[PDB]
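Residue numbers (PDB author numbering), protein chains in the order written: chain U, 8 to 104; chain O, 3 to 246; chain Y, 20 to 46; chain V, 1 to 137; chain T, 1 to 30; chain M, 1 to 33; chain K, 10 to 46; chain A, 11 to 344; chain C, 32 to 473.
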Amino acid sequence: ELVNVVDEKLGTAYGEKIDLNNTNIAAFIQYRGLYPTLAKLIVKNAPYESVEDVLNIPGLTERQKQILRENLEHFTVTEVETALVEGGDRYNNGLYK
Amino acid sequence: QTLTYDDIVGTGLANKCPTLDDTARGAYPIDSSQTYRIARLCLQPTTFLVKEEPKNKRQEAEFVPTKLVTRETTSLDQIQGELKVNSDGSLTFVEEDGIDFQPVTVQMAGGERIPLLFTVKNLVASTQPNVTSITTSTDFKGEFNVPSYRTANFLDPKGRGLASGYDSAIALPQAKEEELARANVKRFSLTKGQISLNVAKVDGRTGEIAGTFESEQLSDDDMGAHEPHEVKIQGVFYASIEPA
Amino acid sequence: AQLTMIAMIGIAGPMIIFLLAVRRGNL
Amino acid sequence: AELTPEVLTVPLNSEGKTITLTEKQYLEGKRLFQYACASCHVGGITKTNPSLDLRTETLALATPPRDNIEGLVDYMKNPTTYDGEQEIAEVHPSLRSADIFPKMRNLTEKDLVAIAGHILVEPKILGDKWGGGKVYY
Amino acid sequence: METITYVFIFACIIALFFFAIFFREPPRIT
Amino acid sequence: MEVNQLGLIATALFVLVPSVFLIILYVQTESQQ
Amino acid sequence: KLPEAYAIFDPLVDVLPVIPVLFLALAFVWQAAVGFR
Amino acid sequence: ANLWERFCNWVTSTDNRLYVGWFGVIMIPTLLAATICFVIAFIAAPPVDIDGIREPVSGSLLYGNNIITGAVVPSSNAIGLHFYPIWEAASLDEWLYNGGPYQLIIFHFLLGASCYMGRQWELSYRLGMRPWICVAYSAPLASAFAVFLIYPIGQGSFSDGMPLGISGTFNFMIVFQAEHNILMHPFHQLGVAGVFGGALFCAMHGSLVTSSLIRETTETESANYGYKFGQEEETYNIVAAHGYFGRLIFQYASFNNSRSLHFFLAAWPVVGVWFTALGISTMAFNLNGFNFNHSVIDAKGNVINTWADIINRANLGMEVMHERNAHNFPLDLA
Amino acid sequence: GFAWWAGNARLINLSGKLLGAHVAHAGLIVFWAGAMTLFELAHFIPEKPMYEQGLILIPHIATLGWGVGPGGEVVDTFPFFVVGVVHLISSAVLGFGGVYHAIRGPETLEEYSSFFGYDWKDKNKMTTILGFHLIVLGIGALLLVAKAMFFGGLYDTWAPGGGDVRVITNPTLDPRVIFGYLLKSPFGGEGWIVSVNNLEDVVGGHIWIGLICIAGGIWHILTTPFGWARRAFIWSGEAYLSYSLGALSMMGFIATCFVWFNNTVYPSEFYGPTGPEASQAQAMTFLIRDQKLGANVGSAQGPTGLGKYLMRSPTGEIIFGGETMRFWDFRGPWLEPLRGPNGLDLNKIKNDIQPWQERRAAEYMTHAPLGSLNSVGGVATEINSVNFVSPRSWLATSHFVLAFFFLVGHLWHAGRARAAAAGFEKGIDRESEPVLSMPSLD
Ligand code: CLA
Ligand code: CLA
Ligand code: CLA
Ligand code: CLA
Ligand code: HEC
Ligand SMILES: CC1=C(/C=C/C(C)=C/C=C/C(C)=C/C=C/C=C(C)/C=C/C=C(C)/C=C/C2=C(C)CCCC2(C)C)C(C)(C)CCC1
Ligand SMILES: CC1=CCCC(C)(C)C1/C=C/C(C)=C/C=C/C(C)=C/C=C/C=C(C)/C=C/C=C(C)/C=C/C1=C(C)CCCC1(C)C
Ligand SMILES: CC1=CCCC(C)(C)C1/C=C/C(C)=C/C=C/C(C)=C/C=C/C=C(C)/C=C/C=C(C)/C=C/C1=C(C)CCCC1(C)C
Ligand code: OEX
Ligand SMILES: [Cl-]
Ligand SMILES: [Cl-]
Ligand SMILES: [Fe+2]
C-alpha cells in the first residue's frame with residue numbers, strides 16, 4: 008500500500024519513451040529538431056490525452072508539424088504524476104551531468 | 003516618491019505588503035464587458051495558529067498560537083492572475099504566477115517545530131454574484147493547492163528519497179523492513195487549502211485594494227512520515243487591479 | 020635567447036664579492 | 001597506442017567526405033580550444049548549459065548536423081540553437097560576435113578547422129569521458 | 001540515563017580541576 | 001534512545017574501581033607522615 | 010606586448026622581476042665570504 | 011592609597027594565585043560567557059538549521075546525541091556573515107533555531123583567547139621574564155582564528171565554520187578535503203611535519219634527558235625524587251646525552267648546547283603550525299591544493315591515472331554527497 | 032652583542048648606515064613595481080581579460096583611468112609602459128643613495144648635521160620626523176584626488192553603459208558619510224569601510240585624509256608628547272618598529288578583505304568577479320536558462336521547500352536561492368538593474384534581462400576565484416585544461432600571510448622592547464631573581 012510512485016512509473020511507457028505529460032524537458036534533446044523550441048511548447052501545453060494532441064498546439068508552423076509527426080512514435084502519454092511536475096521539475100529536475 | 007532598495011534593505015519592510023490610506027473607502031466598478039487582471043497580489047501573514055491533538059473523542063482540540071522562528075521570510079508577493087466576470091456578475095480571480103509560497107516553521111509550546119508551506123498555489127477565488135463594484139464589504143472565498151513541503155529530490159538524513167536516494171534502511175541491513183516502510187517509502191502529498199479575503203480599503207482612483215485574510219491548510223507531513231497538523235493563517239493583503 | 024643577458028645579472032652579485040675579497044675591502 | 005592517422009581522420013561534411021588532420025593541427029586545435037572555449041566546455045561538457053554537450057552523437061542530432069568540420073566551422077561563425085531556429089551570436093562566442101567576444105578576434109579560418117578537428121578527435125581518444133562529466137573523471 | 005552519565009563525569013572533571021589548582025601540593029624550594 | 005543497558009554499569013565501574021584504588025593508596029600515604 | 014622599439018629587451022624583461030630576490034641570496038654569499046661574523 | 015591605584019595594584023599583582031592583569035579584565039568575562047553558553051548549549055540546545063534549508067541538525071545531548079556526536083551547531087547559512095546577537099532575534103526560540111549560540115561562543119572565545127595570549131606577555135613582564143612564550147601560543151591561536159573566523163569570512167558564511175563538536179570537526183575536515191584538496195596543499199604538509207616532528211622531538215628530548223638522569227635514588231623509589239624543586243644543579247648529564255645521541259647518528263647532528271636545543275624544540279612545531287593555520291586561511295580564498303588530475307596521458311592521449319586521480323575519485327564522492335539538499339545549480343562555488 | 036642572524040639589529044644606533052638600509056630597501060620596492068609592470072605588459076594580450084592573465088599591477092593602473100576606455104576595453108598600452116619605466120629608472124637613484132649611505136656615508140648622522148641626526152629617545156625629534164612623513168602621506172592622498180578631479184578621472188565600473196573613465200566633480204565632503212563608514216559594522220550587509228561603493232565617496236575620503244594627515248603632521252612638528260603619553264609608551268627604536276608592525280598587520284588584513292569583497296575600487300572588469308559575485312552569477316545564469324525554456328522562476332519550489340531560484344533573505348528581500356542565499360549582500364552593476372525596493376523584481380526578471388547581462392553572468396560564473404596552487408581553474412575536483420587563478424585569490428592570500436607574520440613580528444618586537452627597556456631581555460639575574468623575593472602563592 009506504500010508504493011514509490013516514481014519507481015512504479017518506470018514500469019510504464021514513461022520508462023521507455025518521452026512522456027509528453029511528465030518527462031523532464033532535457034529528454035527532447037535525444038531526437039532532432041525538438042529542442043529548445045518545440046520542447047518549450049510541448050511542456051507548456053501539457054497535459055495531453057493522446058500522443059496525437061501535440062499537433063493541435065496553436066501557432067505550429069507546418070515545418071513544426073512535420074517534425075512532430077516524424078517523432079510521434081518516440082512519445083507517449085501517461086497520467087500526470089504530481090511528484091514529477093511539481094517544483095517546476097519538468098524544466099529543471101536537479102540533474103545536470 | 004516611493005522608496006529605494008537601499009532605504010529598505012535590512013529593515014524588514016521588504017516582507018511587508020503595501021498599505022492603503024485609511025481614507026480609502028471608495029469602490030472600483032466593474033464593466034461586465036471589459037476584462038481585468040490583478041497585477042500584484044501581496045499576502046503578509048501576522049499570525050500562525052495550529053490545531054492541537056486532543057487525545058480523547060469529544061473534546062475537539064483548539065487552535066493555539068505559535069512562535070515564528072524563520073524570521074521575515076513569510077510573505078507572498080508579486081502574484082498575478084486573471085480577474086474574470088462570471089455570468090451572474092461574480093468575480094473570480096485565477097492565480098497564474100507569482101512568489102506564491104514560502105516555507106515557514108513555527109514552534110508550539112513545549113518545543114515542537116511545525117513546518118508548513120504557506121501558499122496560494124493555483125488559487126481560484128470568487129465573490130458573491132452581482133458585484134458591479136469592489137467595495138469595503140466585498141469578500142473573496144476560494145481554494146488553492148498545497149503540494150508537499152519537500153519536492154521529490156529531497157533526501158532524508160539517511161539518504162532516502164522519492165525520485166532519488168536509497169529505498170531501505172541501509173544502516174540496518176538485516177533488520178525487518180516492515181516496521182520501517184513508513185519511513186522508507188516517501189510519498190508526495192497534494193492537498194487543498196481554503197482562503198477568505200475580506201476587502202476593507204479601496205482606492206477608487208487607482209484600483210488598489212487591501213484587507214484581511216484567513217487561510218486554512220495542512221502543515222508538512224515529511225513525505226508521509228507523520229500525520230500533518232491543521233494550520234490557520236491570519237494576515238493582511240494588498241492587491242492592485244488593471245484593465246486587462 | 021635567455022642567457023645573452025641573464026647570466027650576466029646572476030654573476031654580478033657574486034662578482035662584487037670576489038672583487039672586494041681579493042682586494043680586501045670593508046666587507 | 002598513438003595518435004594515428006585513422007584517429008585523426010574526421011568527417012568533413014554531411015556528404016561523407018573526410019579529412020585527415022596532422023598531429024600539428026590536433027595539438028593546435030587543443031591549444032586553441034583551451035584559449036577560447038574550455039572556460040565553458042572543459043572536457044566536452046557545457047558548464048552554463050549542462051544539457052548540451054560536445055559528444056559526437058549530440059552534435060550529430062543537432063540541426064543542422066554539427067558532427068563534421070563544415071558544421072562546426074559554421075557554428076563558430078554563426079551559432080544557432082540546437083534545433084537551428086534562432087541565432088545565438090549575442091550570447092555565444094563567434095566570429096560574427098567577435099566585437100563582444102574579443103577572444104575570437106584573432107582566430108583565422110584554419111584556426112577554426114583545428115578547433116573543430118580537436119572537438120571531433122577527442123571523443124575517439126577519451127571515449128565517454130569526453131562530454132560525460134565528473135562521473136568519468 | 002546516558003545524558004546524566006555524560007554530564008556527571010564532566011562535572012567530576014570540573015570539580016577535580018578545582019582541587020588540583022587550589023588544593024595542590026604546594027611546591028617548596030630546595 | 002535504544003541504548004546498550006549495560007553501558008551504565010560498565011561506565012560506573014570503569015570509573016569507580018580504578019578511582020577507589022587510587023584514593024586508597026593516597027590516603028594511606030598521608031597517614032604515614 | 011612591449012612597444013616595438015623595445016622588442017629587443019623582451020627576454021631581459023622576463024627576468025627583471027626576479028632580481029630583488031637575488032639581493033637576499035647575495036646577502037648570504039656576503040656572509041659566507043666574511044665568516045658569518 | 012587612592013582607590014584607582016589600589017585597584018590597579020590588585021589587577022597587576024604578582025600575588026594573586028591566578029594572575030588577572032588588564033588582559034585578564036577582558037579575558038575572564040568573555041571566557042565565562044563562552045564557557046557557560048557552550049555547556050548549556052551542548053547539553054540542551056534544540057536543533058539548528060545550519061545550512062539555511064529548514065533542515066535542522068540535532069547537536070545536543072538531550073536531543074539524542076552522545077559525547078562523540080554532539081556539537082554546538084554553526085549558525086544558519088541564511089544569516090551568512092551577518093551579526094546575530096540575541097537582541098536581533100524576535101525571540102530566544104528563533105535565535106536557537108538559527109544557531110545564535112555558535113556566534114556568541116566563538117566571538118567570546120576568540121576574544122578571550124586573544125587576551126589569553128596577551129596575559130602571557132603581561133605576567134612575563136611583571137615577573138622579569140623574557141617575553142615570547144606568547145609568540146609560541148600564537149600558533150594554536152592562529153589556527154583557531156582560521157577555522158572559526160577566516161574560513162567563514164572567505165566563504166561568506168559562519169555555516170562553514172568548524173562545528174563545536176567531535177563529529178562536527180570530522181565533518182568540517184572531510185568537506186574541506188573535497189572542496190580544497192587540503193592533503194595536496196604544501197602548507198598542510200608542513201603542518202603534519204610540524205606536528206609529527208613535534209611529537210617525535212618531544213619523545214626524543216624526554217627519552218634523552220630521562221636516559222641521563224644522575225643516580226640520586228635507589229631502586230625502590232621513583233627517580234623523580236632525585237630532583238628537588240629549585241635546586242641549583244642540573245639533574246641530568248647533558249654530555250652523556252650528547253655522547254649517546256651523536257653516536258646514534260653522528261656527532262654533528264646532535265646538540266651539546268641546551269639553549270639551541272630548547273629553541274629548536276620551540277620553533278619546529280610553532281612554525282609548522284603557523285603554516286598549517288596559514289593553509290586554512292588561504293584556502294579560505296580558494297587557493298587550493300595542487301591539482302594533478304589527468305596530468306599524465308599517453309602517446310594517444312588516454313588518461314593514465316596516478317594516485318592523484320584516485321584521491322580525486324574519493325574527493326568527488328565527498329563533494330557530491332555533502333549538504334545533499336542544499337545545491338540547486340551544478341557548481342559548488344562556496 | 033648580536034649574532035650574524037640578528038645582524039641588522041647592529042644598525043639601531045647607526046643612524047647613517049640605517050638610512051642607507053632604508054633607502055636601498057625603498058629602491059628594491061620601486062624596482063619591483065617597475066620591473067613587474069614591464070613583465071606584465073610584455074606578456075599582456077589585449078583580447079583576453081586581464082584576470083585571465085595573472086596581472087596584478089596593470090589592473091591598479093587601469094583603475095586610475097589610464098590605458099582603458101568604456102567597458103575596461105584596453106585602448107592604449109603606453110601608459111602602462113611609462114609607469115613601469117619611470118619606476119624602474121627611479122630605483123637606480125634610490126639604490127645609489129642607499130649603497131652610498133650604507134657603505135661610504137657617515138655611519139652616524141648626528142655629528143654631521145643636527146637636523147638629520149636623531150636619538151630614538153628624543154621624543155621631540157621623533158614626533159618631528161613623524162610629522163614630515165604625515166605631510167608627505169597627506170600629499171599622496173591628495174594626488175589621487177587631483178587625478179580624479181583634474182587629470183582625467185578614474186575608471187568607474189558603475190558608470191552607466193558598462194563602465195568608463197569618469198571625472199569626479201562632486202566628491203563627498205559630508206562627514207556623516209565619510210566617517211559614517213568608519214562606524215558601520217564589519218559584519219555582513221555592512222562591511223565597515225570595505226563597503227564603499229561609489230567614487231564620490233572614495234575621492235571625498237581622500238580629501239579628508241589628506242587634510243587630516245597634513246594637519247597632524249603640523250601638530251606633531253609643533254608639539255611634544257603630553258605626560259600621559261610619555262608614561263604609557265616605550266620610547267626606543269625597537270618599540271617604534273613594533274608599533275608600525277602592528278599597524279601594517281592590521282592594514283594587511285583590511286586589504287585582504289578589500290580585494291576579496293569590493294568590486295568598486297577593484298573593478299571586476301580587471302580583477303575578475305568576487306566570490307559572492309561569481310556565486311550570484313551562477314544563480315542568474317540558470318535562472319535565465321530555465322526561464323527561456325518556459326520555467327516560472329518565481330513560483331518554482333525547490334527540493335527544500337525554499338524557492339529553487341528566488342527566496343527571501345531574513346529581512347524579507349527577494350534574493351537568489353540555493354547556497355548563494357549567503358551572498359545576497361552582493362551588489363554589482365550587472366545585477367542592480369533588476370533590483371526594486373523589495374529586492375530582485377520579478378517583472379524585470381521576466382521581461383528586462385539583456386544579452387549583455389546574460390554574457391556577464393556566464394563569464395563571471397566560469398571565472399569564479401577558485402583554483403589550485405598550480406593554477407588549474409575551477410573546483411578542486413576539476414580536470415586539467417583551464418590555466419587560471421583569480422587575481423583576487425592571489426592578492427587576498429598573499430596579504431593575509433604577510434599581515435599574519437607582521438602581527439607575529441609586532442608581538443616579537445613589542446615584547447622584546449618592553450623587556451629591553453626594563454633591563455631583562457637577556458635573562459634573569461641569578462643574584463636578584465624577582466620571584467625568589469616574592470611570597471609563595473600557597
Ligand atoms: C634589505 C636587505 C638588507 C639591507 C638593505 C641591509 C643593510 C645593511 N646590513 Mg644587513 N642583512 C640582511 C639584509 C639586509 N641588510 C640579511 C638578509 C642578513 C642575514 C644574512 C643580514 C645580515 C647582516 C649582518 C650580519 C650585518 C649587516 C650589516 C648591514 C649594514 C652594513 C653592511 C656592509 O657594510 O656590508 C659590506 C658589504 C659589501 C662591501 C659588499 C657589497 C654590498 C653591495 C651593497 C651589494 C649591492 C650590489 C648592487 C647591485 C649595487 C647597485 C649599485 C648602483 C645602484 C649604484 C647595512 C646598512 C652590518 C652592520 O650592521 O654593520 C654595522 C653587519 O654586521 N647585515
Ligand atoms: C629619505 C631619504 C634620504 C635622507 C633622509 C637623506 C639625508 C641625507 N643625505 Mg642622502 N640621498 C638620498 C636619500 C636620502 N638622503 C637619495 C635617494 C640619494 C640619491 C639621490 C642620496 C644621495 C646623497 C649624497 C650623494 C649625499 C647625501 C647626503 C645626505 C645628508 C645631507 C643632505 C643635504 O644637505 O642635502 C642637500 C639637500 C638638497 C640638495 C635638497 C634635495 C631636494 C631633493 C632632491 C628633492 C626632494 C623631492 C622629493 C621628496 C623626492 C621625490 C621625487 C620622486 C618621487 C620622483 C643627509 C643626512 C650627503 C652626505 O651626508 O654626505 C656626507 C651626500 O654627500 N645623500
Ligand atoms: C602615523 C600616524 C600617527 C602616529 C603614529 C601618531 C602618534 C602619536 N600621536 Mg598623533 N595624530 C595623527 C597621526 C599620528 N599620530 C594625525 C593625523 C592627527 C590629526 C588628527 C594626530 C593628532 C594627535 C593629537 C591631537 C595627539 C596625538 C598624540 C600622539 C601620541 C600619542 C598617540 C596615542 O596615545 O594614541 C593612542 C590612542 C588612544 C589611547 C585612543 C584611541 C582610541 C581609538 C578610538 C581606537 C580605535 C581603533 C579601532 C580598532 C580601529 C577602528 C577605528 C575607529 C575610529 C572606527 C603619539 C606620538 C597625542 C600627543 O601626545 O600629542 C602631542 C595627542 O594629544 N596625535
Ligand atoms: C619592517 C619590518 C621589520 C623590521 C625592520 C625588522 C627588524 C629586525 N628584526 Mg624583526 N620581524 C619582522 C619584521 C621586521 N623586523 C616580522 C614580520 C617578523 C615575524 C616573523 C619578525 C621576527 C623577528 C625575529 C624572530 C627576530 C627579529 C629580529 C630583528 C632584528 C634583526 C633581524 C635580522 O638581522 O634578520 C636577518 C635576516 C635573516 C636571518 C634572514 C631571514 C630570512 C627569512 C626567514 C626567509 C624568507 C624567505 C622568502 C619568504 C622565500 C624564499 C624564496 C627563495 C627563492 C629565496 C631587526 C631589528 C631579531 C631581533 O629580535 O633582534 C633584536 C630576531 O631575533 N625579527
Ligand atoms: C560560455 C561562455 C561558453 C563559451 C566560452 C563557449 N561556449 Fe559553446 N556553448 C555555450 C552554451 C551556453 C551553449 C548552448 C547554446 C544553446 O542554447 O544551444 C553552447 C553550445 C555550443 C555548441 C553546440 C553543442 C551541441 O550540442 O550542438 C558548440 C559546438 C559549441 N558551443 C562550441 C564552442 C566552441 C568551439 C567554443 C570556443 C570557440 C565555445 N563553444 C565557447 C557556452 C559557451
Ligand atoms: C635592472 C637592470 C640592470 C640592473 C640589474 C641589477 C641591479 C642586478 C643585481 C644583481 C644581483 C644583486 C645579483 C645577485 C646574485 C646573487 C646570487 C646568484 C646568489 C647566490 C647565492 C647562493 C647560491 C648561496 C649559497 C649559499 C651560501 C653562499 C651560504 C649558505 C648556503 C647557501 C646554499 C645559501 C642592468 C644593470 C642589468 C641593466 C638592465 C636592467
Ligand atoms: C646595502 C646592502 C649591504 C649588505 C648586502 C645587501 C645586498 C643586502 C645590501 C642591499 C643592497 C640593495 C638593496 C641594493 C639596491 C640596489 C638597487 C635598488 C638597484 C637598482 C638598480 C637599477 C638600475 C641600475 C636600473 C637600470 C635601468 C635601466 C638601464 C633601464 C633600461 C630600460 C629602459 C630605459 C627602457 C625599457 C627597457 C630597459 C632596458 C629596461
Ligand atoms: C580615505 C577613504 C577612502 C575610501 C572611503 C573612506 C570614506 C572610508 C575613506 C576615509 C577613511 C578615513 C577618514 C579613515 C580614518 C581612519 C582612522 C581615524 C583610524 C583610526 C585609528 C586609530 C587606532 C588604530 C588606534 C589605536 C589605538 C591603540 C593602538 C591604543 C593602544 C593603547 C591602549 C589602548 C591603552 C594604553 C596603551 C596604548 C598602547 C596606547
Ligand atoms: O555549506 Mn557548508 O559546504 Ca562550503 O561549498 Mn558550498 O558551501 Mn556548503 O557547499 Mn560545499
Ligand atoms: Cl555534509
Ligand atoms: Cl546552489
Ligand atoms: Fe628540557
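Backbone N, C-alpha and C define an ideal beta-carbon position, used for all residues, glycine too.
* Asked: According to DSSP, is residue 342 of chain C helix, strand or coil?
  -> DSSP places residue 342 of chain C in strand when its eight states are reduced to three.
* Asked: From the beta carbon of residue 104 of chain U, is the nearest beta carbon of chain V less than 8 Å away?
  -> Answer yes: the Cβ-Cβ gap between residue 104 of chain U and chain V drops below 8 Å somewhere.
* Compute the minimum distance between the beta carbon of residue 224 of chain C and the heavy atoms of ligand 8, and state whether it is under 7 Å. => yes
* Report yes or no: do the segment 10-28 of chain K and the segment 59-72 of chain C share at least 3 C-beta pairs separated by less than 8 Å? => yes
* Can you tell me whether DSSP reads residue 231 of chain C as helix, strand or coil? -> helix
* **Simplified DSSP state of residue 310 of chain C, which is helix, strand or coil** => Under the three-state reduction of DSSP, residue 310 of chain C is assigned to helix.
* Asked: Would the C-beta of residue 195 of chain A count as close to ligand 2, meaning under 7 Å from any of its heavy atoms?
  -> Flag unset: Cβ of residue 195 of chain A not near ligand 2.
* Where residue 11 of chain T sits in the DSSP three-state scheme -> helix
* **Chain-ordered chain V contacts of residue 78 of chain C [CB-CB under 8 Å]** => 102, 103, 105 and 106
* In the DSSP assignment, what are the bridge partners of residue 313 of chain A? -> For residue 313 of chain A, DSSP records a beta bridge to A:307.
* Asked: Would you say residue 26 of chain Y reaches chain K, if we count a Cβ-Cβ gap shorter than 8 Å as a contact?
  -> no
* Asked: Where the beta carbon is closer than 5 Å to any heavy atom of ligand 11, which residues qualify, in chain order?
  -> Here the residues come out as A:337, A:338, A:339, C:353 and C:354.
* Spell out whether any CB of chain O is found under 8 Å from the CB atom of residue 313 of chain C. => no
* Beta-carbon proximity of residue 381 of chain C to residue 95 of chain U, cut-off 8 Å -> no
* Asked: DSSP three-state call for residue 404 of chain C: helix, strand or coil?
  -> coil
* From the DSSP output, read off the bridge partner residues of residue 87 of chain V. => V:80
* Asked: Residues of chain V with CB under 7 Å from residue 342 of chain A, in chain order?
  -> Under the 7 Å cutoff, chain V gives no residues; its nearest Cβ is about 11 Å from residue 342 of chain A.
* Residue range of the alpha helix (DSSP H) that includes residue 285 of chain A -> 268-293
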